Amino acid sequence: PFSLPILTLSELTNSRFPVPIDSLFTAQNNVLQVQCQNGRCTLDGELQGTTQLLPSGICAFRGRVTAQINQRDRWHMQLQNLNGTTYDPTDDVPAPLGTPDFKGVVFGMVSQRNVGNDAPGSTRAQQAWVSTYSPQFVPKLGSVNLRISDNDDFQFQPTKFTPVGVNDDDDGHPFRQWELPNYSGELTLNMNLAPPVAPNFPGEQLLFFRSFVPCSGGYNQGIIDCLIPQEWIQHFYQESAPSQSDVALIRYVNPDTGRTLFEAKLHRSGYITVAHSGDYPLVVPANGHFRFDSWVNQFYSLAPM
């Protein structure tokens, strides 16, 4: 029988950036498509897009630095899969699993640990940035280029990128959470994408699990919204409960009082809709959580949120 894990918002991890969930948010419908590639999973447990299971994999890279070029995006990083295995560009994914799914700069740290004949075991780490606007951001082809703070202490050796936050670039390239990067560079279409999501019933809007992630300068709010949290993804992967219909009715409950605060539709393809009109940050008690009620269908009419 299908179920959700029992977890409060502060016990949940954002599936599009590795931080806790801060709040719930419903957004007004708009012509601009929602088509994130991280945090995508069906209710019967099929991961989609660039989604993988580990919070520490989200927006991370692993590989070898193999060259440098005379450009701002200086250091060429040939990618592996996050578990260290060889990346195959012909696999049926948009990019290596964990790759960022938005336009912007991800900041964090790079670390290296030498192998082979040149000082094996020697290490180093420093601040780095990955711009997903860069012409050298071509993860589907098997590489990205890094900007680092100290060009004199970086070798052609195995490298990991650990994300900390996001920002706008300079030069007029803003942080746009709903714009997909070009995974294969400038004139090539993205492939094998998880499909766009949108409400289909009148009066319905998407409900998001929202985080305010760190930024590295200026005034950006750091908003990253996901469809379902990483812990639900991990749970659906395990259970693989056959979905009885296209829509699971779920209720947000206060476990202390025992009462239901509102209801929502959890769709088979892994997103939530609510009956509401307008942008609204939800105000709900800190102990609250969703519970599965019953299988319904597309025509089920939700009580207003």
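Note that residue numbering follows the sequence shown and begins at 1.
Look at the mean CA B-factor for 158-166 and for 82-90 in the entry; the higher one is 82-90. Higher average CA B factor: 241-249, of the stretches 262-270 and 241-249.
Ranked against the other modelled residues of its chain, the C-alpha B-factor of residue 174 as given in the entry falls in the highest third. Per-chain ranking of the deposited C-alpha B factor places residue 64 in the middle third. Among the modelled residues of the chain, residue 103 sits in the middle third by CA temperature factor in this PDB entry. When the modelled residues of the chain are ordered by their C-alpha B factor, residue 214 lands in the lowest third. Split the chain's modelled residues into thirds by C-alpha temperature factor. Residue 76 is in the middle one.
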